[PDB]
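What is reported rests on the model, the rules as stated and the sources as named; no laboratory instrument gave them. Counting neighbours? That spans all protein chains shown, and the Cβs are built from the backbone with ideal geometry, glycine included.
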Amino acid sequence: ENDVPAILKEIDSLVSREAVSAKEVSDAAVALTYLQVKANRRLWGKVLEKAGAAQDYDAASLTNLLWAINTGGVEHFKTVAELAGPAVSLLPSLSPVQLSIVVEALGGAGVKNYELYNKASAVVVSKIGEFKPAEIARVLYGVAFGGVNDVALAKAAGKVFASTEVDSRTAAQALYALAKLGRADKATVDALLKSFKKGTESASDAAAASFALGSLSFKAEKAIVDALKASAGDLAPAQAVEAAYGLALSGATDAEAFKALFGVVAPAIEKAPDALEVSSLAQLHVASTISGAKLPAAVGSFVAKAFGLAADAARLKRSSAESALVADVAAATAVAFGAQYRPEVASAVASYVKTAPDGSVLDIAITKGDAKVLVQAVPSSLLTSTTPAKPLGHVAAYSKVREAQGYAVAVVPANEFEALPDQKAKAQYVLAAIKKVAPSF
Amino acid sequence: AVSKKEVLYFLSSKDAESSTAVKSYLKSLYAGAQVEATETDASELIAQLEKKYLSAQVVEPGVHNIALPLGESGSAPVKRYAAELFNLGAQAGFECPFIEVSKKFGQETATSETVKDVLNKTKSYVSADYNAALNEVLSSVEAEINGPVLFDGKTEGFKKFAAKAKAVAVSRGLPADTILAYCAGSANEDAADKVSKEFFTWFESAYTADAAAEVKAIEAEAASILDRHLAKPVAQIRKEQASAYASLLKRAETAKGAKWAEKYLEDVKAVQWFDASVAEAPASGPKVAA
Amino acid sequence: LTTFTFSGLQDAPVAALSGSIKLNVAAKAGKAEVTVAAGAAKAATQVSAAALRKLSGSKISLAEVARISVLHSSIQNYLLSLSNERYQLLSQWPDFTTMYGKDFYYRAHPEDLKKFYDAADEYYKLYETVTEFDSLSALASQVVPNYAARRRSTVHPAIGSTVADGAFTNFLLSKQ
Amino acid sequence: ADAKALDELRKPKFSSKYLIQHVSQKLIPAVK
Amino acid sequence: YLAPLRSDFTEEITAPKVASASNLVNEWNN
Amino acid sequence: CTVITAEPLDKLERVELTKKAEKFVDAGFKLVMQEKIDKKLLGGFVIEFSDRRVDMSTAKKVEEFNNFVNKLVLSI
């Protein structure tokens, strides 16, 4: 009388014929996510095939389909980004809850459609107060994760996030959107952080808020970390790694919470070492090295290799406005230790490229006897997008993990470095930054 | 095996035959093997050549996983196609395509002192119509100055050239002012996002029109090939396709021991497996063990 | 998809839309009882808000199992959709089997009769070659290598003339 | 034999990838 | 069904070379 | 001689230049090279011996490099 696989056979027979309309496939996807059918991939694929192939789409069926795609955890870029046609064409015809669901579920998959996000931000910046704050958090999430660095929406959303008290889930979505934006406006993040005081109804709430606070590098909140140490069973390993990483970047000392988050990722790595991305293994190594927590003996060395792999892959695919910056900083660092002509500049630049202990290649590394001083260049991509322009938390992450390898990381940001008029002022700034961390040089 | 620099491009890659190589290398590193040192050598020519021949090993399998939007009406399939090409370029180590072709411009003509040598060295990376229009604007400025228009920017010859280059740019349909205000930046963010929200709408129209032109070329090529092929009798079609398949299979059976011939034969056997497994159950499709 | 999702049991679809499958939920405050009716089978589970947030922790990552490529299957799908448009005008050819009898053979000029019989033979040729569907998979591998050599650029795969013209106007109209 | 995998069937088959690899394994050592 | 594998790059950013519309529909309608 | 460079000469760079260019005159010859400037070269130098032209420049190096690669990619 209550049988799940028989109704899954019924839905599989439903979306296998020729004449599935929009409402039928939208209903099939909703009834799939209400039944938690992740074990059966091909039935989900039939639903996505008939959802991409369908030609009619009204507002309700498209909204329910995008809701089911986002909530079911299913990703397929072709069928999701080909739903943006019905998203743009019905963008007047969507209610604010529907427009929020549509733009959030299309921003989740990384759909690079700038006209949809531009028009949705325009509609939500004309009618600001009409949207409930969860809806403006969803539109902020969708415009932030779709590649749009829209900041008019960010300030006009932070006004509402500071005026009216929002939910924990709404504030977590707002924080994660601001972390992808890279904003670090303390006046609105601190207004959003009062919502994390009643306890988190979901573990993804506290995990995403911890990652957002860590990536903007503020602090812990004493109730996010309690929710994480209380409910780290409802986290995927790729989610719990980002939770521990956002805790360690924010400066947390609660090693019990790191034990809780590590005891759900380390059985996942020991079960399948190939299940997580190398970026996630680097985040696990940074979280395990900064907070002083421990790992198993086969996992600590594994993420010790994998952090070197992730730093090398970030080195090789450098954006070549950072490569000119590293050449500039290495030239000013060669001059700062005595170089008045060009061949000694080039021979001192070509000697700063010594190898790290874990296998990675450090661009500027100086050894005077036993003292290793590294210089880090932070171009614009690892800076905060607001006008004070402080570096992000991943910068301090790399600095604090190289400090555990024995290096004195003199971080040189490029909001200040490229404003100096001559190369001698750049050598002055590089020596002032090296003397600040290790004045023995 | 993987040669320790192929693995570094494949971490952000997501095609299957590279993802299995990453996962095999990480399974090798899990069972007590050491990660080699990344080579602190290979000066900028060999480094750029290694980039050129390592990013192609990500671009080339990543192209064949991107379905063309052939014969689709609307603006969203073309935007999906160009968005997938953007994500492939971002996973292959390329930058934003605007930034990359700008870097190619600044790399080709770092030392061209007049505007004619800039306009003749990057003739290829610009359309020949826009290059011919810039040649006629340059000769219209040289008809007044009777000197080579200096590629300096503060020279009044270059300013009188730029006041007509902006004219031919807006005449070509592209807003020069929006692009210039974006790439020169601005001070306040409340006026910088209002030029970003015009430059990126131009940019979305730009790559949408370019990917749509590529799709129109593939549509016209497929229509030409089919309208040639449907004129033939059946037996000529069958024997010429069997002959071309036999010759292209003899090209792979001629080479032995090489990796591409072996992978070619493994892919032929995988295609025959696909045909046999569809034949085993045609209403359900190929057998995928989950 | 991203790492963290923010949907489930909140502004959700409360009801189904089409008659092929009927859905109803129980909009309580803490949990929710669902019931789904699709024809002969009936299903009704009970899930919580903390059970849908565990759903998007594992990503499905749907991918297409194609014969040769997704690219080659897209080009072959287009070639078959063109061959359908040729077939749909071979479907409107007039029937010549109703003019084969000998009250049409002997009332007609001999050269016009040879021309009519050659027209019937030409229709059999055209209809037997437009339905050679096994040859489209070999035709679509002639469009593939030129296209893949176009996307194997030294600049960028997605690059084209309009983006290069805009960046050339930016590079030209700056200082030096 | 039959029903291989999913991550073995998502390989685009007749991409080049190996003539690019056969050049890059014989050009880069011959140019260093 | 199988293609000649090429290992070469395009250097220029050129027009996509739209071919001419072949005359099969007019010939078959005639 | 005539040393055609890209940047004006520095004191250690000049003595390294007369160290590297000394291996072309086939004795202990004291090259009394003259200096010229040429922004078209992207670094390096060009010796004009007034009988021969020795091209240690960078633009010639990248042209010979691209010719070598475009000669090897057609050989494979």
Task: Leading residue by the ranking (nearest to C:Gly19 (Cα to Cα)) among those in the stretch A:1-53 that are within 9 Å of chain C (Cβ to nearest Cβ), assigned to a loop (DSSP other than H, G, I, E, B) and out of contact with any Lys or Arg (no Cβ under 6 Å at 6 or more places or on another chain) - done: A:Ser21
TODO: Could you grab me the full set of residues in the stretch B:245-267 that are within 14 Å of chain D (Cβ to nearest Cβ) and either small (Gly, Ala, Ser) or outside any helix (DSSP H, G or I) (or both)?
DONE: B:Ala252, B:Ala255, B:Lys256, B:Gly257, B:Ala258, B:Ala261
- [ ] Being in a loop (DSSP other than H, G, I, E, B) and under 19 Å from the mean Cα position of the chain (by Cα) is the filter here, so list the residues in the stretch A:112-137 that pass it.
- [x] A:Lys112
- [ ] Would you be able to tell me the number of residues in the stretch B:152-178 that are crowded, with 17+ Cβ neighbours inside 10 Å, more than 7 Å from chain C (Cβ to nearest Cβ) and free of Cβ contacts under 8 Å to residues at least 24 places away in the same chain?
- [x] 1
Task: Filtered residues of the stretch B:193-224 (kept if among the aliphatic types (A, V, I, L, M), over 30 Å from B:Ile99 (Cα atoms) and surrounded by fewer than 19 Cβ atoms within 10 Å (Cβ to Cβ)) - done: B:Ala220
Open item on the list: Cβ-Cβ distance below 8 Å, separation of 6 or more or different chains: which pairs start in the stretch F:1-30 with a residue that is within 16 Å of F:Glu48 (Cα to Cα) and in contact (Cβ under 8 Å) with a residue 40 or more places away in the chain and end on one that is in a loop (DSSP other than H, G, I, E, B) and small (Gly, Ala, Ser)?
Closed with: F:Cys1/F:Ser50; F:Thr2/F:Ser50; F:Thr5/F:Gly44; F:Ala6/F:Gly43; F:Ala6/F:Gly44; F:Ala6/F:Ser57
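Per-residue answers, yes or no, for (1) more than 9 Å from chain A (Cβ to nearest Cβ); (2) hydrophobic (A, V, I, L, M, F, W, C); (3) within 14 Å of A:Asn2 (Cβ to Cβ); (4) surrounded by fewer than 17 Cβ atoms within 10 Å (Cβ to Cβ):
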| site | (1), (2), (3), (4) |
| --- | --- |
| C:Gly8 | no, no, no, no |
| C:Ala12 | no, yes, no, no |
| C:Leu17 | no, yes, no, no |
| C:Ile21 | no, yes, no, no |
| C:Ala29 | yes, yes, no, yes |
- [ ] Kindly indicate whether F:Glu13 is of a type outside the set (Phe, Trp, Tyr), more than 14 Å from chain A (Cβ to nearest Cβ) and not in a loop (DSSP other than H, G, I, E, B).
- [x] no
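Condition check ((1) more than 8 Å from every other protein chain (Cβ to nearest Cβ); (2) buried (at least 17 other Cβ atoms within 10 Å of the Cβ); (3) free of Cβ contacts under 8 Å to residues at least 60 places away in the same chain; (4) in contact with a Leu (Cβ under 8 Å, 6 or more places away or on another chain)) across all residues:
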{"site": "B:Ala1", "(1), (2), (3), (4)": "yes, no, yes, no"}
{"site": "B:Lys14", "(1), (2), (3), (4)": "yes, yes, no, no"}
{"site": "B:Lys23", "(1), (2), (3), (4)": "no, no, yes, no"}
{"site": "B:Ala33", "(1), (2), (3), (4)": "yes, no, yes, no"}
{"site": "B:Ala42", "(1), (2), (3), (4)": "no, no, yes, no"}
Open item on the list: As an exercise: evaluate C:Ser48 against (1) crowded, with 18+ Cβ neighbours inside 10 Å; (2) more than 7 Å from chain A (Cβ to nearest Cβ) and give the number of the one condition it does not meet.
Closed with: (1)
Task: Test: residue in the stretch B:36-50 that is under 13 Å from the mean Cα position of the chain (by Cα) and assigned to a helix (DSSP H, G or I) - done: no
TODO: Show the residue pairs that are 6+ apart or on different chains and have beta-carbon atoms under 7 Å apart, the first residue being within the stretch A:177-188 and touching a residue at least 24 places away in the same chain (Cβ under 8 Å) and within 15 Å of A:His394 (Cβ to Cβ), the second being of a type in the set (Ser, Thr, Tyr) and not in a loop (DSSP other than H, G, I, E, B).
DONE: A:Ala179/A:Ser215
Open item on the list: Considering only residues that are facing chain C (nearest Cβ under 7 Å) and within 19 Å of B:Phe161 (Cβ to Cβ), which ones fall in the stretch B:98-117?
Closed with: B:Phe105, B:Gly106
- [ ] Please work out if A:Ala59 is surrounded by 20 or more Cβ atoms within 10 Å (Cβ to Cβ), assigned by CATH to the domain that holds A:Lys78 and touching a residue at least 24 places away in the same chain (Cβ under 8 Å).
- [x] no
Open item on the list: Name the residue that is surrounded by the fewest Cβ atoms within 10 Å (Cβ to Cβ), counting only residues in the stretch B:83-97 that are facing another protein chain (nearest Cβ under 7 Å) and in contact with a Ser or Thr (Cβ under 7 Å, 6 or more places away or on another chain).
Closed with: B:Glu95
TODO: Take the stretch B:49-82 and flag every residue that is more than 10 Å from chain A (Cβ to nearest Cβ) and closer than 21 Å to D:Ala30 by Cβ.
DONE: B:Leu49, B:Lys52, B:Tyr53, B:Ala56, B:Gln57
Task: Subset of the stretch A:23-34 that is touching a residue at least 24 places away in the same chain (Cβ under 8 Å) and within 13 Å of A:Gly73 (Cα to Cα) - its residue that is surrounded by the fewest Cβ atoms within 10 Å (Cβ to Cβ) - done: A:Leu32
TODO: Return yes or no: is B:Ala181 in contact (Cβ under 8 Å) with a residue 24 or more places away in the chain and surrounded by 17 or more Cβ atoms within 10 Å (Cβ to Cβ)?
DONE: no
- [ ] Within the stretch E:8-30, track down each residue that is surrounded by 12 or more Cβ atoms within 10 Å (Cβ to Cβ), facing chain B (nearest Cβ under 8 Å) and hydroxyl-bearing (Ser, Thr, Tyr).
- [x] E:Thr14, E:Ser22
Open item on the list: Here's a check for you: in the stretch B:59-81, which residue that is part of a helix (DSSP H, G or I) and in contact (Cβ under 8 Å) with a residue 24 or more places away in the chain is nearest to A:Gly147 (Cα to Cα)?
Closed with: B:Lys79
TODO: Could you pull out every one of the helices (runs of 4 or more DSSP H) wholly within the stretch A:272-383 that has 3 or more residues that are touching a helix residue (DSSP H, G or I) at 6+ places or on another chain (Cβ under 6 Å), within 13 Å of another protein chain (Cβ to nearest Cβ) and hydrophobic (A, V, I, L, M, F, W, C)?
DONE: A:278-290, A:297-316, A:342-349
Task: Of the criteria (1) under 18 Å from A:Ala68 (Cβ atoms); (2) in a loop (DSSP other than H, G, I, E, B); (3) without any contact (Cβ under 8 Å) to a residue 12 or more places away in the chain, which one C:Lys28 fails - done: (1)
- [ ] May I ask you to say which residue of A:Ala282, A:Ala304 is farther than 20 Å from B:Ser12 by Cβ, assigned by CATH to the domain that holds A:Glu242 and of a type in the set (A, V, I, L, M, F, W, C)?
- [x] A:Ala304
- [ ] Just give me the residues in the stretch B:121-151 being surrounded by 14 or more Cβ atoms within 10 Å (Cβ to Cβ) and not hydrophobic (A, V, I, L, M, F, W, C), in sequence order.
- [x] B:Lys121, B:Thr122, B:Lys123, B:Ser124, B:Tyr125, B:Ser127, B:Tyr130, B:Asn131, B:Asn135, B:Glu142, B:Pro148
Open item on the list: Is it the case, given these coordinates, that B:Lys123 is over 25 Å from E:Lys17 (Cα atoms) and under 31 Å from the mean Cα position of the chain (by Cα)?
Closed with: no
- [ ] Please go through the stretch C:35-55 and pick out each residue that is closer than 16 Å to A:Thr71 by Cα and either touching a residue at least 12 places away in the same chain (Cβ under 8 Å) or of a type in the set (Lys, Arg) (or both).
- [x] C:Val47, C:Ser48, C:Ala49, C:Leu52, C:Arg53, C:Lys54, C:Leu55
